[PDB]
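A.B. asks: What follows is a structure written as structure tokens; I'll ask about it next.
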Amino acid sequence: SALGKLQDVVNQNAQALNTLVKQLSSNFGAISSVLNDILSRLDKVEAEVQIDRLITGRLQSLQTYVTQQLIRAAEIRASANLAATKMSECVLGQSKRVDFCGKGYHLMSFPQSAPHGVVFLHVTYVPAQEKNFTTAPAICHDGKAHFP
Amino acid sequence: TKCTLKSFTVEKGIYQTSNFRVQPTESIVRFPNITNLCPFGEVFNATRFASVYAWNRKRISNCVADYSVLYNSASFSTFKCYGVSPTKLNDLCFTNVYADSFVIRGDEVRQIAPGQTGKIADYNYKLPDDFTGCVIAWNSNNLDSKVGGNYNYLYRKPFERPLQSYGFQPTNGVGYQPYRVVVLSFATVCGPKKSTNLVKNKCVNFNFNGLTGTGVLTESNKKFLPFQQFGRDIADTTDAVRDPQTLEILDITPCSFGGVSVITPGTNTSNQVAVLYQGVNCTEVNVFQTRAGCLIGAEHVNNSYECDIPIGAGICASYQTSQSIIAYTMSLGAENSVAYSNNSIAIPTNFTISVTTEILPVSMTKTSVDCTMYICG
Amino acid sequence: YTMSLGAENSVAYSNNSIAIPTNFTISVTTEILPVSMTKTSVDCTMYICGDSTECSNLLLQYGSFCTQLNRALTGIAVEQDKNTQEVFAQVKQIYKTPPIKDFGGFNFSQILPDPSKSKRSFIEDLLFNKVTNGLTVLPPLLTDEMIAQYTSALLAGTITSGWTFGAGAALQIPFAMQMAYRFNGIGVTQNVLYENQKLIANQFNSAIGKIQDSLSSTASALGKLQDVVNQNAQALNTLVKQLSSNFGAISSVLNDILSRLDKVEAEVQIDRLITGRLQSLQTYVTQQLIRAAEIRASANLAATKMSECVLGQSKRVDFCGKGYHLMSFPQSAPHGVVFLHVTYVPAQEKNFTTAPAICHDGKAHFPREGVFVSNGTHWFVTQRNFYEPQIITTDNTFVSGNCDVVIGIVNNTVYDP
Amino acid sequence: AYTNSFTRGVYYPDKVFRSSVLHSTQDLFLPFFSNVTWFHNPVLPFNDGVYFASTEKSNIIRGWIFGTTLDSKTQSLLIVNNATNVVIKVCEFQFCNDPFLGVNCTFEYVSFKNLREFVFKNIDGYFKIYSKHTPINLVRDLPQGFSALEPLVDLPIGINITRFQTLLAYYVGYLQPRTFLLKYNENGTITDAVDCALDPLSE
Ligand SMILES: *[C@@H]1O[C@H](CO)[C@@H](O[C@@H]2O[C@H](CO)[C@@H](O)[C@H](O)[C@H]2NC(C)=O)[C@H](O)[C@H]1NC(C)=O
Ligand SMILES: *[C@@H]1O[C@H](CO)[C@@H](O[C@@H]2O[C@H](CO)[C@@H](O)[C@H](O)[C@H]2NC(C)=O)[C@H](O)[C@H]1NC(C)=O
Ligand SMILES: *[C@@H]1O[C@H](CO)[C@@H](O[C@@H]2O[C@H](CO)[C@@H](O)[C@H](O)[C@H]2NC(C)=O)[C@H](O)[C@H]1NC(C)=O
Ligand SMILES: *[C@@H]1O[C@H](CO)[C@@H](O[C@@H]2O[C@H](CO)[C@@H](O)[C@H](O)[C@H]2NC(C)=O)[C@H](O)[C@H]1NC(C)=O
Ligand SMILES: *[C@@H]1O[C@H](CO)[C@@H](O)[C@H](O)[C@H]1NC(C)=O
Ligand SMILES: *[C@@H]1O[C@H](CO)[C@@H](O)[C@H](O)[C@H]1NC(C)=O
Ligand SMILES: *[C@@H]1O[C@H](CO)[C@@H](O)[C@H](O)[C@H]1NC(C)=O
Ligand SMILES: *[C@@H]1O[C@H](CO)[C@@H](O)[C@H](O)[C@H]1NC(C)=O
Ligand SMILES: *[C@@H]1O[C@H](CO)[C@@H](O)[C@H](O)[C@H]1NC(C)=O
Ligand SMILES: *[C@@H]1O[C@H](CO)[C@@H](O)[C@H](O)[C@H]1NC(C)=O
Ligand SMILES: *[C@@H]1O[C@H](CO)[C@@H](O)[C@H](O)[C@H]1NC(C)=O
Ligand SMILES: *[C@@H]1O[C@H](CO)[C@@H](O)[C@H](O)[C@H]1NC(C)=O
Ligand SMILES: *[C@@H]1O[C@H](CO)[C@@H](O)[C@H](O)[C@H]1NC(C)=O
Ligand SMILES: *[C@@H]1O[C@H](CO)[C@@H](O)[C@H](O)[C@H]1NC(C)=O
Ligand SMILES: *[C@@H]1O[C@H](CO)[C@@H](O)[C@H](O)[C@H]1NC(C)=O
Ligand SMILES: *[C@@H]1O[C@H](CO)[C@@H](O)[C@H](O)[C@H]1NC(C)=O
Ligand SMILES: *[C@@H]1O[C@H](CO)[C@@H](O)[C@H](O)[C@H]1NC(C)=O
Ligand SMILES: *[C@@H]1O[C@H](CO)[C@@H](O)[C@H](O)[C@H]1NC(C)=O
């Protein structure tokens, strides 16, 4: 359940391809979705009317698939630009950007490969076991005020 | 859910398996109070008509055709059709109705029917066998001729004036006995506007003046101008009507509908499920009204927990302990009054090096589709 | 007219002149970000076919289209809850403010919760007042009252504990001392705060007052959020108006086609309405996918602002409004978030003669922090962002090498304490 | 002679209530600020249908005639207010040049101080009448202001009309196919309109 992002990226592409394949079985108003039924049963002047329905439907199904893959590729590119920015600032450096490199004060991170993705092991200092203290902004000495 | 997902195993979640839609309980029809009925008494109740040697025309428009009453009444001895039957003709219409009529001996009247044979059908009182309607007749021996016979009359193009002197007589056989007859064919001359009572507050199918829909009709305070019949929403949609039999205004609300959403733990964990009827009010459908919709088959709980399966409007559900699905307002986290004051600071005396995994997708499966082979194989 | 890009300014540059600000203004600048569309779902059989059985049977011939549309819109809808939760749910615990309000003279009363109101702040109520066929709108997961508990927790953490509630459990610190950290985080020596604490508190309180006046004077400030509400309404109205269109069919009222014609002709005319309505719905869903990608980019920006700019002190120039960033306060708004970025803007500069280094006994001295300046007669060292002239000493300065190498070095005493 | 129509000659385009909303519609309307011909009478063209109006304090204007010839050849409308009723018929009428006050057939129907305004049009065989009445404070021209005309009559009679004339201070202007934006108020009356083709601000 940790790798839900990468396994969802696999599932979205598998569902998109399987939707695109299953749409080959749709009639779109033709006498059959098996293109060889039309070509064996109908003579050209009738067959071209029914094949125009399958072409129009299948072409609209590809335009739907490619449109959704262009938008999904823009989402994955935004994540790849984020991962590239993480590797630059967070592996190759020490980022001061709060919660950019895991929840804590960031120390370092280690990249590990994963299918269709990347994994960062963000090593962070998290403070613990606090004590309450009385505090002051400044301290008087010989009438002069001292600050840390 | 298994069918919706095309799978025998279902993971934990909420799935929109169906769309619920309140069914129309009955059909309503409304049209104005009946008026301007066609004056057929001049054919059916009159004592005489034009000679079979010289038939006469008739017509009507801007009127209601009582053809169902004309077919049902005993005032005609018989009828027959070149067009559709009188059960269809009782709801037919034309821009005007057109007709012709005559009186003769009953067999001479038959000799002028649509598709008949004789001097009447030939020219004196003609009508085609393909005429766009029906013909009807009745006996007339009490008025169409005297006891000395109809000797003052005449006997035998379409619907108009092959001819000679008449010879019908009331003491004669059924072909020579006096009779009267007519025929007609086919917006302003329509059959009657059959109408129901009105039903409010139920979901109903409806017709008003020939617009139609399905909805909950409700009494309303929209002030339509005297000529206005229908009311519209901002985006074209009909949202009120005037009742044509009593001129009050009815506001129309859609019959309640929404996504049936099945809340489930994984099928590994249980076969028990709860159903959210999204946006629906439970009166329209354990039971719990959420702000997201009516929720059925989950226990409402007064505790709060982290959100397991999200329902909406602050509600979440989970499968919990002796076990059932529960629904609760999600906990945003434990409360904490920070011990602030103008001179107190808390300083950590120790640390934990924490290693937190973060996972990012970076690439899709690189597809290419040969669209000529996909489309045309 | 030909537009002007701005007023001309020949900067008073010369190889030995520096301008150091002698005073500042705390500025509070509103920033407004969209975070979520209106969650929507369409019963595409009810949209396309209006509960007609004759049409519904024809729509089955189109296969997965009136199912992958619902899946696409469901993806957008779940993503709006994710967008909202990535922004606000960055806090582990619902922190809350003490009954006392001893914040060193700073006055958060206009941005903290009003328990007489949901329990939104005063400014959150201004922000919530200024924004104004098988289609369904689904509620957000977090209610506006839950969003206000998160902005309250983020704000109460930010006030009582500084950045520490992002890095771990919240650690209390006095608010005057938190602002003294925020001043060190912009390179201003912290005594500049404590010595000016009343003035800085008044500038903050007054600047928060100007937010209320600005938000009361015009609705045009919330243009980004009102544009998102308008685009959702425009898209849904366009989708409904497209039910009235013929697409070459003999009528757009489906019950006309089914009563005007015999079944063979009716199926052809209905298939034009199915094709046009389905193309209209695909057009709507495609625009909503592209608009949801635009709102996700804004929600990821708002989530990044809340992490770096509220839970921390971003050192990224102009990420957190103009001026050097001190802190920011989140306030909720319809379909979005508002940040009140508090920033130090320097305001009353003096010109001074300057030098990169100073010769003493042939040793070249450089400032440890700050820069050398002269009032005309005497030489001082000063922090870069606030004019505070200090005597030049072996504590304020470090030696390196000798006088000969440095271009533009000058001669002065360095006092050895 | 001619006068400026101002913002007059708008009518309720359809039998529908709409409230607090702006509706954009294309129909045969009198264009804003058009030249309305003025009369103190001759036979006139009908064209795409007619706006007609008369300033009154006397009730001397009474009726209209419409058709192709308006005489003998074919069915022709006669309309007359006789103070007992509005009287309508469509016969193949024949008369002198026009009947005036001394102060076959197929269908029939029966039902300065002021301005009476009217619109007459013929679409899909329906001859339609709209009208309005108002007090006024100007004699020589139509008063600048707004008041939508509302339907009276809607005859399914199917007659061809290309000419009309008036039976009896009156004004005539021609409708044209134009887009208007109509301001329906909270009570569903039209209270203002934009003739979209008038000027770039109206577009
Ligand atoms: C720094 O600038 C502030 C204004 O931002 C100055 O404060 C104002 O001082 C005048 C009198 O000189 C008062 O009339 C105003 O009411 C003050 N405003 C505020 C907000 O307090 C301040 O005096 C300047 N300080 C220095 C050292 O120059
Ligand atoms: C914090 O600031 C608010 C205003 O921003 C102060 O409340 C106002 O006080 C004045 C004078 O008493 C009244 O005229 C207003 O009606 C008050 N407004 C509201 C909304 O209450 C508040 O007193 C200040 N608190 C502190 C501790 O300085
Ligand atoms: C530059 O700064 C020095 C030190 O602040 C100024 O010298 C002092 O001037 C005051 C009178 O203005 C005298 O009372 C002090 O005794 C002076 N101190 C020293 C060490 O000489 C100097 O006047 C300033 N010059 C300018 C041009 O502002
Ligand atoms: C800084 O002070 C030194 C002396 O401490 C100056 O050096 C003298 O420069 C002149 C001209 O080149 C020579 O005649 C002397 O012999 C130099 N003395 C020494 C000890 O080197 C130097 O010129 C001053 N520099 C500036 C920029 O004022
Ligand atoms: C600090 O002191 C307060 C009482 O003054 C107490 O409620 C709080 O729990 C203490 N916190 C820690 C971390 O000891
Ligand atoms: C004809 O007369 C009878 C008299 O009983 C009456 O009932 C019937 O309604 C009349 N029919 C017509 C068409 O006038
Ligand atoms: C219809 O007739 C009934 C009486 O039968 C009457 O009460 C009602 O007002 C009439 N409605 C109209 C619109 O004339
Ligand atoms: C569910 O069952 C599958 C095998 O059918 C198993 O691999 C998986 O670990 C199980 N998960 C849980 C949560 O029980
Ligand atoms: C609709 O739901 C509300 C609560 O959301 C309830 O008070 C009301 O009774 C329901 N409507 C009906 C007609 O029962
Ligand atoms: C839950 O809370 C309601 C009031 O909000 C109360 O009536 C009910 O008895 C409570 N039930 C339990 C099990 O606490
Ligand atoms: C700090 O915490 C660790 C466990 O994280 C513990 O073993 C160690 O003894 C602690 N040290 C001090 C000084 O408290
Ligand atoms: C600095 O001095 C120059 C003239 O030497 C002048 O033009 C410029 O305006 C001055 N700037 C300030 C901030 O006083
Ligand atoms: C500064 O400006 C002028 C012109 O460049 C030059 O005469 C002078 O020597 C320069 N001084 C330094 C320290 O570069
Ligand atoms: C028609 O109207 C325009 C202004 O709209 C005017 O210029 C023109 O002179 C008018 N025509 C006549 C014949 O008066
Ligand atoms: C008006 O016309 C009707 C016939 O349509 C007639 O009976 C009536 O007498 C006329 N009244 C007047 C005042 O001319
Ligand atoms: C009446 O109609 C007949 C044809 O039916 C035609 O010959 C005659 O000229 C018409 N007369 C008038 C006045 O319309
Ligand atoms: C109207 O004129 C058209 C030709 O323009 C003709 O076909 C039609 O029959 C005419 N109808 C009437 C009722 O005059
Ligand atoms: C609407 O009509 C009511 C009377 O029915 C009237 O009181 C009100 O002023 C009207 N409002 C408008 C905006 O015309």
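As a convention, Cβ positions derive from the backbone with ideal geometry for all residues, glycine included, and neighbour counts pool all protein chains shown. No value in this document is a laboratory result; all are computed from the given coordinates.
A.B. asks: Under a GNM of chain A (C-alpha, springs under 10 Å), which listed residue has the highest mean-square fluctuation: A:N36, A:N132, A:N81?
C.D. replies: For chain A, modelled as a Gaussian network with Cα springs under 10 Å, the answer is A:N132.
A.B. asks: Using +1 at the Cβ of each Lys and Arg and -1 at the Cβ of each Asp and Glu in segment D:2-203, identify which of D:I123, D:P42, D:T69 lies farthest towards the dipole's positive end.
C.D. replies: Going by the charge dipole, the pick is D:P42.
A.B. asks: Taking the Cα-to-Cβ direction at C:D416 and at B:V69 and moving 7 Å from each Cα, how far apart do the two end points lie in nm?
C.D. replies: If labels sit at C:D416 and B:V69, their model points lie 13.1 nm apart.
A.B. asks: If you place +1 on the Cβ of every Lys and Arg, -1 on the Cβ of every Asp and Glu, and leave all else neutral, what size is the dipole of segment D:2-203 about its Cα centre, to the nearest 20 Debye?
C.D. replies: On the way: 16 positive and 18 negative charges, 86 e Å.
Result for segment D:2-203 is approximately 420 debye, rounded to the nearest 20.
A.B. asks: Which value, in debye to the nearest 20, gives the size of the charge dipole of chain B about its Cα centre, when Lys and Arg are +1 and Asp and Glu are -1 at the Cβ?
C.D. replies: Charge dipole of chain B: 1900 debye, to the nearest 20.
A.B. asks: Ok, one more. May I ask you to list the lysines whose Cα is less than 23 Å away from that of A:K103, ignoring any residue fewer than eight positions away on the same chain?
C.D. replies: Here the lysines satisfying the reach criterion relative to A:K103 are A:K5, A:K86, A:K131, C:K82, C:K92, C:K96, C:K305, C:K315.
A.B. asks: Along segment B:35-51, what does the Karplus equation 6.51 cos²θ - 1.76 cosθ + 1.60 (θ = phi - 60°) give for ³J(HN,Hα), rounded to whole Hz, x for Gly and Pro?
C.D. replies: Computed from phi, the couplings for segment B:35-51 are 7, 6, 4, 4, x, 5, x, 4, 10, 7, 10, 4, 7, 7, 8, 4, 4 Hz.
A.B. asks: Along each of its three principal axes, how wide is the spread of alpha-carbon positions in segment B:58-123, in whole angstrom units, largest first?
C.D. replies: 34, 26, 20
A.B. asks: Setting aside same-chain residues fewer than 8 positions from D:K57, which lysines have a Cα under 30 Å from its Cα?
C.D. replies: Candidates past the 8-residue exclusion: D:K89, D:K113, D:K121, D:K128, D:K132.
A.B. asks: Under the Kirkwood approximation for Rh and a Cα-based Rg, what ratio Rg/Rh is obtained for segment D:2-203? Walk me through the numbers before you get to the answer.
C.D. replies: Numbers: Rg = 17.1 Å, Rh = 17.8 Å.
That ratio equals 0.96.
A.B. asks: Could I have the simple spin-label model distance between C:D361 and C:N230, label points 7 Å from Cα toward Cβ, reported in nm to one decimal?
C.D. replies: My value for the distance between the label points is 7.4 nm.
A.B. asks: Can you list, by residue number, the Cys in chain D that have no neighbouring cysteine C-beta under 4.7 Å?
C.D. replies: D:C96, D:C196
A.B. asks: Here is a further query. Give the separation of the Cα centroids, segment C:1-71 to segment C:363-384, in Å.
C.D. replies: Going from one Cα centre to the other spans 49 Å.
A.B. asks: Taking 45 Å as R0, compute the FRET efficiency from the Cβ-Cβ separation of B:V285 and D:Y109 and round it to 0.05. Write out the running numbers ahead of the final one.
C.D. replies: Working: r = 53 Å, r/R0 = 1.19.
Plugging the Cβ-Cβ distance into 1/(1 + (r/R0)^6) gives 0.25.
A.B. asks: Run a plain Debye calculation on chain B (Cα atoms as equal point scatterers, no solvent) and give log10 I(q)/I(0) at q = 0.09 Å⁻¹, rounded to two decimals, same order as the q list.
C.D. replies: Calculated log10 I(q)/I(0) at the listed q: -0.80.
A.B. asks: Give the value in nm², to one decimal: projected area of the alpha carbon convex hull of the protein assembly as shown, averaged over all directions. Walk me through the numbers before you get to the answer.
C.D. replies: Numbers: hull surface 282.3 nm².
Computed as one quarter of the Cα hull surface, the answer is 70.6 nm².
A.B. asks: Mind listing which GluC sites (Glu not before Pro) in segment C:287-374 are in a DSSP loop and have 15 or fewer other Cβ atoms within 10 Å? Before the final figure, lay out each step's value.
C.D. replies: Values: sites: C:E294, C:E308, C:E349, C:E369; in loops: C:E369.
Answer by residue number: C:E369.
A.B. asks: Next question. Taking the square root of 5 times each eigenvalue of the Cα gyration tensor, what semi-axes in Å does the equivalent ellipsoid of chain A have, largest first? Don't jump to the answer; show the numbers that get you there.
C.D. replies: Numbers: eigenvalues 833, 46, 32 Å².
In descending order, the three semi-axes are 65, 15, 13 Å.
A.B. asks: Continuing with the same structure: Can you give the local net charge around D:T3? Use residues other than it whose beta-carbon is closer than 15 angstrom to its beta-carbon, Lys and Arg +1, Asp and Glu -1. Intermediate results must be reported in sequence, preceding the final value.
C.D. replies: On the way: positive: D:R8, D:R140; negative: D:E117, D:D141.
So the environment of D:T3 carries a net charge of 0.
A.B. asks: Something else: In segment D:2-203, with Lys and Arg counted as +1 and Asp and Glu as -1 at Cβ, which of these residues, D:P151, D:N185, D:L28, has the Cα nearest the positive end of the dipole, that is, farthest along it?
C.D. replies: D:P151
A.B. asks: Let me ask you something else. What average number of partner chain Cβ atoms lie no more than 10 Å from the Cβ of the residues making up A:130-142? All intermediate terms of the calculation are to be shown ahead of the outcome.
C.D. replies: Numbers: counts 12, 5, 8, 5, 4, 11, 4, 13, 6, 0, 0, 0, 0.
Taking the mean over all residues of the peptide, I get 5.
A.B. asks: If you don't mind, another one. Residues of A:61-70, mean number of Cβ from any other protein chain within 10 Å of their own Cβ, rounded to a whole number?
C.D. replies: On the way: counts 7, 4, 3, 8, 4, 3, 5, 7, 4, 2.
Neighbouring Cβ atoms belonging to other protein chains average 5 per residue here.
A.B. asks: Mind jotting down the distance between the C-alpha centroids of segment C:239-315 and segment B:44-107, whole Å?
C.D. replies: 55 Å
A.B. asks: While we're looking at this one, here's another question. How crowded by other chains is C:150-159, given as the mean number of beta carbons from other chains within 10 Å of each beta carbon?
C.D. replies: Numbers: counts 2, 0, 0, 4, 0, 0, 4, 2, 0, 2.
For peptide C:150-159, the averaged partner shielding equals 1.
A.B. asks: Among the trypsin sites (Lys or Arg not before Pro) within segment A:1-91, which fall in a DSSP loop and have no more than 13 other Cβ atoms within 10 Å of their own Cβ? Kindly include the intermediate steps, with their values, before the conclusion.
C.D. replies: Values: sites: A:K5, A:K22, A:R41, A:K44, A:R53, A:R58, A:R72, A:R77, A:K86; in loops: none.
Here no trypsin sites (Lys or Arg not before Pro) fit, given the DSSP loop and packing criteria.
A.B. asks: Further, regarding this structure: Return the Cα extents of chain C along principal axes one, two and three, sorted largest first, each rounded to a whole Å.
C.D. replies: Taking the Cα atoms of chain C, the three principal extents are 110, 55, 40 Å.
A.B. asks: About the Cα centre of the protein assembly as shown, how large is the charge dipole given +1 on each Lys and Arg Cβ and -1 on each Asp and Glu Cβ? Please answer in debye to the nearest 20. Walk me through the numbers before you get to the answer.
C.D. replies: Details: 89 positive and 88 negative charges, 365 e Å.
In debye, rounded to 20, the protein assembly as shown gives about 1760.
A.B. asks: Taking the Cα centre of each part, how many Å lie between segment D:30-55 and segment A:89-125?
C.D. replies: 81 Å
A.B. asks: Which whole-Hz ³J(HN,Hα) couplings does segment C:44-49 yield from phi under the Karplus relation 6.51 cos²θ - 1.76 cosθ + 1.60, θ = phi - 60°, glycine and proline marked x?
C.D. replies: With coefficients 6.51, -1.76 and 1.60, one gets 4, 5, 6, 5, 5, 10 Hz.
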